[PDB]
Each structure stands twice: as structure tokens, then as C-alpha cells.
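Enquirer: I would like to see how this sequence folds:
(chains A, B, C, D, E and F)
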Amino acid sequence: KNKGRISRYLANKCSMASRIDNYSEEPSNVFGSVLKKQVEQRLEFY
Amino acid sequence: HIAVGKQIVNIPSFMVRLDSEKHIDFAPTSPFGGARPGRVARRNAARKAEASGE
Amino acid sequence: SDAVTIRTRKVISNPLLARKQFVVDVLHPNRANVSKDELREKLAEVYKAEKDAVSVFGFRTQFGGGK
Amino acid sequence: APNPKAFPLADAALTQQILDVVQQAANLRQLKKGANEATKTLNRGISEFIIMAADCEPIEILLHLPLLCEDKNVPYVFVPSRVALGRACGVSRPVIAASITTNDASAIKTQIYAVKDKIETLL
Amino acid sequence: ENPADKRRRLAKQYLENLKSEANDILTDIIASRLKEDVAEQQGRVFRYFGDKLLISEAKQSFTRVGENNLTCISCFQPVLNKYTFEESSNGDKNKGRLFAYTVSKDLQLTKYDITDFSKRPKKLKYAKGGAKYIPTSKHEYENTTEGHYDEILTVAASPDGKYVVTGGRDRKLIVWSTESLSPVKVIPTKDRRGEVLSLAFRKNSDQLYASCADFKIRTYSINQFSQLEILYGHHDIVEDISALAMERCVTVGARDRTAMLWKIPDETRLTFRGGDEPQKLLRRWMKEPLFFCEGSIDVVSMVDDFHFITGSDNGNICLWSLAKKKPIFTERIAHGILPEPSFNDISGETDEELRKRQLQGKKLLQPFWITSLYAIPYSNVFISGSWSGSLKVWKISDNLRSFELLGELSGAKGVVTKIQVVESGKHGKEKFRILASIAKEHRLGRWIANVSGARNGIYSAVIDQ
RNA sequence: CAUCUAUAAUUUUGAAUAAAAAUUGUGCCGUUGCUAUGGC
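Expert: Numbers count the residues shown, from 1 in each chain, chains lettered A, B, ... in the order given. Below, you will see the structure:
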């Protein structure tokens, strides 16, 4: 259950990372790491 | 059930203007937009209360 | 949670017949056309006059009711 | 030298007109709120026009939308604040992208067509 | 023992006090003072301390509360009743104790004592609503559970000091007693969208103007615990409301951008629209910068019985008079424009010049809102606040056709939800006290881009002369 | 709300433990000290 919900959260965030990574011209691991830290903080919340 | 502003309008041929077009809503005396329910609803509540009381 | 509400309008003093003449607008939600005697009583205690002196007549309830 | 990625961006008067039709559509249940719901309406084909916020952090997450808009011939605007977009959209939280869908028996039909005419001449 | 001799003796003691203070000020005057003390009731402003104020050394203070997002605050102040000289307050131990009542989105209602101008607000009593007040039946005929269960949204304390009313998103008005905070009565608005969004007691009276977001302004009477009348007329939600001694209220409804003044006995509503044109403004400046369209209208305050000020969310603070329909004065973006997004945040890209060229320069700036606004009754000074971290105090020029900025107060840190003024001291030199409830987020939604350095607090500022 | 009981300060024995007559800033964390506060 929580595995399914966290996978859905990860799907949302990886989609957003895909958006920025494609449509920027030279992408940036700072926003990569921002999204990763957000998902990890949500995992700690669970 | 429907009142344009405050008047309970019961004519289906009323030709609303713009201010009326924004002001149409349920009348405050109706069981849809206000006070106590209709006769069917309170009669059903009464008969269910009776069938539980006996 | 009901409240009759009286609002006089266009009070015209008349010292010829020694009176005041006006229009009375009553608001009475969830209530059916408040009695003339009770309106005489309430108007008397509003204008500090006597119930035997105040007079009202010629009423009309709006369509839909509540005034 | 180039355009900004947000472009076309809207003047304040057009912004007021846009947000007015946004609020009436959200009142009458015609408005899909969010980038995913907007992309889904663009795929399903039910959308009438798109509003997009031009200051979200960062801009690419909703910049994926004009590609679908250009390939399916929908007009889109960029308003300058997702805060004001969420407020006029009627959400308790900023929205970055909204989609006014199509309807035929809609009370706001000429309002939507007026603002959409303004957008199509803005492009 | 008779009421005639009792009233005569009280009036003579009042005259002795006024004559003695006339002696202490002489170390005409009595007639002018008495003319003032009656002339509070009728017409225009008379309190004229627009230049007497010293905002420089006005002593500021902040207190923090342990609950998040204070929504509103209303302050009670007993004033001597001039017709019969008893008091405003109800008890004998109150002896002129000033109170404050705050309501917060944690479903909490708190009563503070603020009668000591030196020390801090002392939390006398509190009350909390939870999920144990959810109504069982969803019929909405009875919404009459004795507590709040959703997002208390405003408060108002009665001028007779007997009750305090709280309204929120749970479409109720719960009236509590003031001393034990026990809910004496509860009135649903009886609607599926009738959320209570603002309250105002009629000044020095018992009537109650509750403006609710089914586009309606309901009017209750408290000491009878009844509803008199529902006033209709707004297109978008009626967001804010002000009231004074007469039976005229004033409401502002937001996206239709209208301020409506309701004369209740005459049963007549006046409307006021703005409608500035940035083309005319830009060419009126080319006849010699940033100009914002009227986005919404948020806050209102009635300064006397013929003028009132209105604060929008595009920075405009306007002054309206009952004669001209158009605003008689309009102060521009006054709380300043908002900070600019950071280029790395707006890009997510490597090329700094590209981050800047997508920051776009001028075409992306927005103005500070006007979250709260308050005028001191029948005065020529009013206070305007937002999340710019500083209250602004303004003075109306005595021709009552324009106003100017007296000063700033930089004790603020966060969204200024509500501004209130309490006065004390003698009539010669009155000590004013500004109490503002300040929070991290807005009253209604969240909407706010994470204001930095902001706490849930009550901000006091004592001003003299 | 008034009255009364106790807690909080005084009248008296009194160094008082002591016995006697009456009255009227925080939900958690962190810093700063002769009260100011930074994060969630």
C-alpha cells in the first residue's frame, strides 16, 4: 500500500525531472538534487 | 425552488437580464437551499421513527 | 430564530388632524403575515404612543412571502 | 537575442479579462486545474484554451505544454503569477497551469470566445 | 433615590470633574468639550491628532503564540456612556479592562488581557474545537454542535462586553460568553456555501453584520439571538465589511471589484466602482513606470459616515466619498512591489545569462497586497498592513480629499492579518495601542510564496501624544 | 455578577520550620543576557 503510494509519488517527481531535463538547454543537478531530497524527506515522513 | 435575488420566481418564461443572470439561486424557503425538508422527507423520517419506536 | 421587524417610511406629520401618517414595511421570515393587533402594540411601544391610539390598515404580503 | 521561454506573456488588462473568465469557468465546472489535468485535456481533445503561469520554479515543468498546444492548434497564454492564478482559480494553493475546456451549452460562451479571440490575436 | 436626583447627582459629579481638569489645564473650554462629547454621534470626523502623533519613539513589541496561523483579532474597550454615566462594561471587577480575542486556524479562540500598556498581552483563557464537534446528520438544518470544527475565520467582541462571536468555514456563528468562553448559542447560516467570511458589530449597539460567501450579507441581532435580514446584491463573494454607529454597513466584494454601501432602514444599496486605465495612466506620465490593473478588492474600513477607504490586492489604497461615484483619491502601489524570483530557481539551467533573460526583467514584477486596513473611528488616521514587514500609518488631509503617509512601523514580520487600535489615558494626551495579529499565511487560503522570517504573533505598538 | 473557600502580598508573635485577626511571551528545537528571539 505505502509502496504503491510512494511509487506514485516517485512517478510524479521523475516526470517533473524529465520535463526540466528535456526542455532546459543544459540541465542542472541542483534541481535534480532538490527533487531527490524532497522524495527522501517524504520517505522519512513515512 | 428558484429565486432571482430575493423573489421566489415561478414563471419559466422570465427573460433574465445580466444582473439576474448572475443572481439566480435557490430560494431561501425551499428544502434545497435553506430550511426544513419537504413533506415526503419528514414523513419518511416520522414513519422510520415510529417503526423504531414500536 | 425569528424576528418581526418594523420599518416606518415617509413619516409625514399632520397637525391638521393631529397625527402622523407613514408607510409600514414589515419583515417576517418563517412567519405568515403578522397580526394587525400585534403590529399596533409594537408600533405603540416604538413611538411611545397608546395602543388605543395607533392605527394600521391596508396590508399586502409580497409574492413568495416574507415582507 | 532570443525570446524568453515563457513568451507570449499577457498585458495587465488582458490578464484581468483572462482571470475573470477563469473564475466563472471554475464556478460553472469547466476548468481543469494543474499541469497533468491540462495535458490530459489536451490529449483527450476537450480543451478550449490554456493559461500558464510564467514564474513557476522552474519554468520547464509546464513548458512541456506549448508543444502539445502547437501540434493540436490550441491557444495559450502566460500570465505572470501562479499566486494570482490559484486565487482566481479558487484553489487554496497556487496553480501553475489551467485548461478551460469546451462546452456548447455553457453560460459563459461569448465570454470565453471573446478572450480566446484576444489570445489568438496575441499569438 | 429617585432617578431624577440620581441622574442629576451623576451629571453634577461629571461637571465637577470637567471643571477641575479645566483648572489644571488653565494652570468656553467646557462648552467645547461638551459639544465634542455629544458630536461624536453625528456626521464627519472630529478627532484631529493627525499631526500630534510621534511614530518615531513609538515603543514596539512582539509576542509569539504556540498555535499556527492566527486568523483574526477583535479588541474590547469599555468607554464611558455619555447619556447615562454607568460604563460600557458589564461587571464591577472589570473597571475598564481592555481585552483582545484572537481566532486561529488551529480551531482555537484565545482571550488576552491587554489593560496594562507597559507589560505584554496576558493569556487569560482559551478554547479549542476538534473533530468531536462534527455534526452527525448531513441535513444542514441543524449545524448546531456547540464547537467549531473547521477553520475559524473571524471574530467580533460585543460592545456591551457580554459576548463574543466566532465565524468560520463551518458555516456557523457561535456566540460565547466572555468570562468563561462557554458557547451560549450557535446559529447555522443554513446554506451549502454560506461560509462566514467577515463580522462587524454595529458601533455601540447590538446588531451584527456577518458577511458570508454565498454573496450575501446576513444581519443578526445578538441580545435576542435571532436573524433579522439577509441583504443581497453582490456578484462575487462579499469578502470584507465595516460598520459604524448608524445603520449603514459597507462591504467589498472582490472580483466584481465593487464596494457597496447598505443603508438598512431606507433599504437602499449604493454601489461604487473604480476602473483605472493603464493606457491613460501611462500617457498621463508621458505628459511629464510600472502600472498595475485592478486585480481584486479585499479590505474596507469606514472612516466616518460619509467616507471610507478600500484596499485592493494590486496595491491601490483608495478613498471614497458618498458624493462622487469614482474614488476621490487613489494611492498607488504603496506597500511596494514584490521581490523578484531568483535566476537559478526560475531556470534550472547552467547559462546565467539565459537564467536572466528568462527572468525577463520588468515584465514579471507584482505588487504587495493590502492584507489588512483599519481606520480609527471619526479620526483622520488609518493603518495599512501586508507581508512587507512594516505597518504604514497614514493621515488624511483635513480637506478630506487626499491623504499622505505619516510613518512606518517595522516590528512586523509576516502577513498582517488584522490591525486594531485601543486608546486609554485622559482626553488631553491619549495613549494609543496598535495590536496586529500577524501570521505566516493568509486568512483564507495559503497562496503565499513562503515569506521568510515570519512567526505567529501578536504585535503591539504603543504610541503617545 | 455579588458573596464565600484556598492559592499569590501584607496587620501582629516572629530568625523563622512555625502557629494567629482581615483585605485586592512557545507545539518542538536553537541563540542572548544584563528580556530579545533564528528554523520547522
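Enquirer: so residue C:1 versus residue E:111, what's the distance?
Expert: Distance from residue C:1 to residue E:111, counting by C-beta to C-beta, to the nearest Å: 26 Å. In short, each C-beta sits where N, CA and C put it, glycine included.
Enquirer: quick check: buried residues in the longest helix anywhere in chain A?
Expert: Using DSSP state H, we find that the single longest helix of chain A is helix A:2-23. Neighbour counts over helix A:2-23 (16 or more other C-beta atoms under 10 Å in any protein chain shown) mark A:13, A:16, A:17, A:19, A:20, A:21, A:23 as buried.
Enquirer: that one and chain D, are they touching?
Expert: Yes - using C-beta under 8 Å from any C-beta of the partner chain, we find that helix A:2-23 touches chain D at A:16, A:19, A:20, A:22, A:23.
Enquirer: and for stretch E:212-220?
Expert: No - residues of stretch E:212-220 contacting chain D under C-beta under 8 Å from any C-beta: none, with a closest distance of 11.0 Å.
Enquirer: mind listing what's buried along that stretch?
Expert: E:212, E:213, E:214, E:215, E:216, E:217, E:218, E:219, E:220.
Enquirer: residue E:36: which of the residues you listed is nearest?
Expert: Among these, residue E:219 lies closest to residue E:36 (C-beta to C-beta), at 30.8 Å.
Enquirer: ok, that closest one touching residue E:205?
Expert: No - at 11.8 Å, residue E:219 does not count as touching residue E:205 under the criterion of C-beta atoms under 8 Å.
Enquirer: residue E:215 and chain B, how far apart?
Expert: For residue E:215, the distance to chain B (C-beta to the nearest C-beta, to the nearest Å) stands at 8 Å.
Enquirer: I misspoke; the intended subject was residue E:273.
Expert: 14 Å.
Enquirer: and that residue, what does it touch?
Expert: Residues in contact with residue E:273 (C-beta atoms under 8 Å, 6 or more residues apart in numbering or on different chains) are E:257, E:258, E:325, E:326.
Enquirer: how about it: which residues does it bridge to?
Expert: Listed by DSSP bridges, the beta-bridge partners for residue E:273 are residue E:258.
Enquirer: how about the strands in chain C?
Expert: Under the criterion DSSP state E, chain C carries strands at the ranges C:5-14, C:19-27.
Enquirer: near chain B at all, the last one?
Expert: No - using C-beta under 8 Å from any C-beta, strand C:19-27 never reaches chain B; the gap is at least 11.1 Å.
Enquirer: buried residues, that strand. List them.
Expert: Result for strand C:19-27 [16+ other C-beta under 10 Å]: buried residues C:26, C:27.
Enquirer: packing partners of it?
Expert: Under the contact criterion of 3 or more C-beta pairs under 8 Å, 6 or more residues apart in numbering or on different chains; DSSP states H and E, strand C:19-27 touches strand C:5-14, helix C:36-47.
Enquirer: go with 6 Å
Expert: strand C:5-14 (3 or more C-beta pairs under 6 Å, 6 or more residues apart in numbering or on different chains; DSSP states H and E).
Enquirer: CA-only coordinates of the strand it packs on in PDB, if you can.
Expert: Extracted in PDB, the C-alpha atoms of strand C:5-14 (Å, rounded to 0.1, in the frame of the first residue of the first chain):
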ATOM      1  CA  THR C   5     -39.100  43.900  12.100                       C
ATOM      2  CA  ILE C   6     -41.000  47.100  11.500                       C
ATOM      3  CA  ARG C   7     -39.600  49.900   9.400                       C
ATOM      4  CA  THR C   8     -41.600  53.100   9.000                       C
ATOM      5  CA  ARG C   9     -41.100  55.100   5.900                       C
ATOM      6  CA  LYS C  10     -42.000  58.600   4.700                       C
ATOM      7  CA  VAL C  11     -43.300  59.900   8.100                       C
ATOM      8  CA  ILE C  12     -45.400  62.900   7.400                       C
ATOM      9  CA  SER C  13     -46.600  64.900  10.400                       C
ATOM     10  CA  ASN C  14     -50.100  66.400  10.100                       C
END
